[PDB]
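Student: Enclosed is the structure file upload_19.txt (compact mmCIF, C-alpha atoms).
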# COMPACT_ATOMS: atom_id res chain seq x y z
CA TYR A 1 191.89 101.60 195.28
CA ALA A 2 190.13 103.13 192.26
CA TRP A 3 189.06 106.47 193.80
CA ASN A 4 187.19 108.84 191.50
CA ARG A 5 188.82 112.17 190.64
CA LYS A 6 186.72 115.00 189.18
CA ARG A 7 188.18 118.24 187.85
CA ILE A 8 186.36 121.44 188.83
CA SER A 9 186.97 124.48 186.61
CA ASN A 10 185.23 127.52 185.05
CA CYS A 11 182.56 127.77 187.75
CA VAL A 12 181.71 130.04 190.66
CA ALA A 13 181.41 127.95 193.81
CA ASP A 14 178.96 128.65 196.62
CA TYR A 15 180.22 126.69 199.62
CA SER A 16 177.39 127.99 201.83
CA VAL A 17 174.95 125.33 200.58
CA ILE A 18 177.37 122.55 201.66
CA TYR A 19 176.95 123.90 205.20
CA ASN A 20 173.19 124.48 204.76
CA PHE A 21 172.38 120.81 204.11
CA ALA A 22 174.95 118.52 205.66
CA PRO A 23 175.24 114.87 206.77
CA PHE A 24 179.02 115.27 207.19
CA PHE A 25 180.24 114.30 210.65
CA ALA A 26 183.80 115.35 209.74
CA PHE A 27 184.50 118.61 207.85
CA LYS A 28 188.24 119.15 208.38
CA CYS A 29 190.30 121.64 206.37
CA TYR A 30 194.10 121.75 206.33
CA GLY A 31 195.36 124.64 204.22
CA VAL A 32 192.41 127.05 204.16
CA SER A 33 189.73 128.33 206.52
CA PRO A 34 186.22 126.86 206.06
CA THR A 35 184.53 130.26 206.50
CA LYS A 36 186.91 132.03 204.07
CA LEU A 37 186.22 129.76 201.06
CA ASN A 38 183.53 132.12 199.73
CA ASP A 39 185.99 135.05 199.57
CA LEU A 40 188.77 133.32 197.60
CA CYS A 41 189.52 132.30 194.01
CA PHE A 42 191.07 128.95 193.13
CA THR A 43 192.32 126.81 190.27
CA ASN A 44 193.53 123.19 189.99
CA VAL A 45 190.46 122.11 191.96
CA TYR A 46 189.97 118.35 192.21
CA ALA A 47 187.40 116.30 194.13
CA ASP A 48 188.49 112.78 195.11
CA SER A 49 185.67 110.46 196.18
CA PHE A 50 186.07 107.06 197.83
CA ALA B 1 241.69 154.03 193.06
CA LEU B 2 238.42 154.91 194.83
CA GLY B 3 237.54 151.32 195.71
CA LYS B 4 237.29 151.79 199.48
CA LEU B 5 234.52 154.43 199.45
CA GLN B 6 232.54 152.58 196.80
CA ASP B 7 232.91 149.38 198.83
CA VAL B 8 231.28 151.07 201.82
CA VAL B 9 228.43 152.30 199.61
CA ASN B 10 228.11 148.82 198.13
CA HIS B 11 227.87 147.20 201.55
CA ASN B 12 225.09 149.53 202.67
CA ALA B 13 223.07 148.93 199.52
CA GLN B 14 223.75 145.21 199.69
CA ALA B 15 222.64 145.07 203.32
CA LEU B 16 219.39 146.84 202.48
CA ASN B 17 218.84 144.55 199.51
CA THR B 18 219.37 141.48 201.69
CA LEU B 19 216.95 142.83 204.27
CA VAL B 20 214.42 143.52 201.50
CA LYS B 21 215.09 140.03 200.12
CA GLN B 22 214.24 138.56 203.52
CA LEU B 23 210.61 139.69 203.07
CA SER B 24 210.22 136.99 200.38
CA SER B 25 211.09 134.18 202.83
CA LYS B 26 208.34 131.88 204.11
CA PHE B 27 210.31 131.16 207.35
CA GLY B 28 208.57 127.82 207.74
CA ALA B 29 205.07 129.20 207.12
CA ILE B 30 202.55 128.36 204.41
CA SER B 31 203.08 131.71 202.65
CA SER B 32 205.38 134.71 202.83
CA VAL B 33 202.50 137.16 202.31
CA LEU B 34 200.62 138.25 205.43
CA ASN B 35 197.50 139.22 203.45
CA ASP B 36 197.24 135.69 202.02
CA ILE B 37 197.58 134.21 205.53
CA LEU B 38 194.79 136.45 206.85
CA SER B 39 192.61 135.80 203.79
CA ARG B 40 193.04 132.01 204.00
CA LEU B 41 193.06 131.03 207.68
CA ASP B 42 191.08 131.39 210.87
CA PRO B 43 192.76 133.44 213.70
CA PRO B 44 193.94 130.44 215.84
CA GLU B 45 196.15 129.06 213.04
CA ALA B 46 196.71 132.43 211.32
CA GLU B 47 198.26 133.63 214.59
CA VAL B 48 200.75 130.73 214.42
CA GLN B 49 201.64 131.51 210.78
CA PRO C 1 174.68 97.43 209.21
CA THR C 2 174.84 95.44 212.49
CA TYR C 3 178.41 96.57 213.29
CA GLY C 4 179.12 99.50 215.58
CA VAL C 5 180.82 102.77 214.74
CA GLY C 6 184.39 102.60 213.49
CA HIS C 7 183.71 99.75 211.05
CA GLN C 8 180.70 101.22 209.23
CA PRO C 9 181.32 102.41 205.64
CA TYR C 10 182.26 106.08 205.45
CA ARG C 11 182.20 108.18 202.29
CA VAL C 12 185.18 110.53 202.06
CA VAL C 13 185.50 113.39 199.56
CA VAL C 14 188.80 115.28 199.37
CA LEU C 15 188.81 118.78 197.89
CA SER C 16 192.25 119.79 196.60
CA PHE C 17 193.18 123.34 195.56
CA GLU C 18 196.28 125.27 194.52
CA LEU C 19 197.05 128.66 196.07
CA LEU C 20 197.62 131.65 193.74
CA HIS C 21 200.29 130.09 191.50
CA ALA C 22 198.22 130.05 188.29
CA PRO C 23 195.26 131.96 186.77
CA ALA C 24 192.11 131.06 188.69
CA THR C 25 188.92 129.74 187.13
CA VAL C 26 187.00 128.84 190.32
CA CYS C 27 185.89 131.79 192.44
CA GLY C 28 183.59 132.68 195.29
CA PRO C 29 180.17 134.32 195.05
CA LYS C 30 181.55 137.84 195.77
CA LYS C 31 180.31 140.58 193.44
CA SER C 32 182.65 142.56 191.20
CA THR C 33 182.94 146.29 191.92
CA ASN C 34 183.86 149.14 189.55
CA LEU C 35 187.50 150.15 189.05
CA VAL C 36 188.86 153.47 190.34
CA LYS C 37 192.06 155.18 189.18
CA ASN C 38 194.74 157.28 190.95
CA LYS C 39 193.36 156.77 194.49
CA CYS C 40 194.52 154.73 197.46
CA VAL C 41 192.19 151.73 197.70
CA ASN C 42 192.15 148.27 199.25
CA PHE C 43 191.57 145.91 196.33
CA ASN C 44 190.80 142.20 196.06
CA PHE C 45 191.93 140.73 192.72
CA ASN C 46 191.14 136.97 192.50
CA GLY C 47 191.60 136.44 196.23
CA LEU C 48 194.75 138.61 196.39
CA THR C 49 194.22 141.55 198.76
CA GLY C 50 196.41 144.64 198.67
Could you write out this structure as structure tokens?
Tutor:
Amino acid sequence: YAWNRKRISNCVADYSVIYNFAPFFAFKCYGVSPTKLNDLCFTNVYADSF
Amino acid sequence: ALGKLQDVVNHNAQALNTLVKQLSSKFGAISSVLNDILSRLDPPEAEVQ
Amino acid sequence: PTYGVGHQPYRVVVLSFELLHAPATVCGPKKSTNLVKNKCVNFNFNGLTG
């Protein structure tokens, strides 16, 4: 009900480490490829945790 | 006076413009740019887009 | 803890992005290359390839 939202901005993101150590049974992406995240630039990045 | 000839010229230009305009249409896909689709998706779903 | 799978607590994190509609502040690890003028090149500017 009170899910935490964190803004991510002004950083360079290495998504490779998320793969390198992972306890995540489900890693499902809808609008972007998982392997292509390293080659792209983004804004309006938000992480919602619950 | 010379409306008929100009009209023909207008139609041809208009047709080309419309065809050019059609490149900016998503057509039910995530993006209208092929390069973005290749850069953002894996081949099984990129093929669909 | 005694319950089986499907009722156990699961932590979910949702990453939300926007695609190319604003200036980007979050980018991948890819290294910047020098700029070349008056030649046909395949360029990647902020995840936009042309």
Student: For residue C:17, find every residue with an atom within 8 Å (counting all atoms listed in the file), except residues of its own chain fewer than 2 positions away, and show them as an mmCIF file with C-alpha atoms, in the frame of the given file.
Tutor:
data_model
loop_
_atom_site.group_PDB
_atom_site.id
_atom_site.type_symbol
_atom_site.label_atom_id
_atom_site.label_comp_id
_atom_site.auth_asym_id
_atom_site.auth_seq_id
_atom_site.Cartn_x
_atom_site.Cartn_y
_atom_site.Cartn_z
ATOM 1 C CA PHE A 42 191.070 128.950 193.130
ATOM 2 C CA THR A 43 192.320 126.810 190.270
ATOM 3 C CA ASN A 44 193.530 123.190 189.990
ATOM 4 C CA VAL A 45 190.460 122.110 191.960
ATOM 5 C CA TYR A 46 189.970 118.350 192.210
ATOM 6 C CA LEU C 15 188.810 118.780 197.890
ATOM 7 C CA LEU C 19 197.050 128.660 196.070
#
Student: Using all atoms listed in the file, determine which residues lie at most 10 Å from stretch 30-45 of chain C, disregarding the query and same-chain residues fewer than 2 positions distant; provide the list as a ChimeraX atom specification.
Tutor: /A:12,14,38-41 /C:27-28,47-50
Student: Can you check which residues of chain B have any atom within 8 Å of chain A? Use all atoms listed in the file and format it as JSON, numbers by chain.
Tutor: {"B": [39, 40, 41, 42]}
Student: Fewer than 3 positions away in the same chain doesn't count, so skip those; otherwise give me all residues within 12 Å of residue A:1, counting only C-alpha atoms, as a CSV table (one decimal) with C-alpha atoms, in the coordinates of the input.
Tutor:
chain,number,residue,atom,x,y,z
A,4,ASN,CA,187.2,108.8,191.5
A,5,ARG,CA,188.8,112.2,190.6
A,48,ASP,CA,188.5,112.8,195.1
A,49,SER,CA,185.7,110.5,196.2
A,50,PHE,CA,186.1,107.1,197.8
Student: Where does chain B meet chain C within 12 Å, residue by residue, with the nearest atom pair and distance in Å to one decimal for each, counting all atoms listed in the file, listed by chain and rising number, as a tab-separated table?
Tutor:
residue	atom	partner	partner_atom	distance
B:30	CA	C:19	CA	10.0
B:31	CA	C:19	CA	9.4
B:33	CA	C:48	CA	9.9
B:34	CA	C:49	CA	9.8
B:35	CA	C:49	CA	6.2
B:36	CA	C:48	CA	6.8
B:37	CA	C:48	CA	10.5
B:38	CA	C:49	CA	9.6
B:39	CA	C:47	CA	7.7
B:40	CA	C:47	CA	9.1
Student: Between A:2, A:27, A:9, A:16, which is the closest to chain C once you count all atoms listed in the file?
Tutor: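 With all atoms listed in the file as the atom set, the closest residue is A:9.
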Student: Using the file's own x, y and z axes, what box holds all listed atoms of stretch 16-30 of chain A with 4 Å on each side, keeping edges along x, y and z, and what are its centre and edge lengths in Å to one decimal, as lines of an AutoDock Vina configuration file?
Tutor:
center_x = 183.2
center_y = 121.1
center_z = 205.6
size_x = 29.7
size_y = 21.7
size_z = 18.1
Student: Find the residues near residue A:25: any atom within 10 Å, counting all atoms listed in the file, skip ones fewer than 3 places away on the same chain, and give them as a list in words.
Tutor: residues 22 and 28 of chain A; 10 of chain C
Student: To one decimal place, how far is atom CA of residue A:13 from atom CA of residue B:32 in Å?
Tutor: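 Computing the Euclidean distance for atom CA of residue A:13 and atom CA of residue B:32 yields 26.5 Å.
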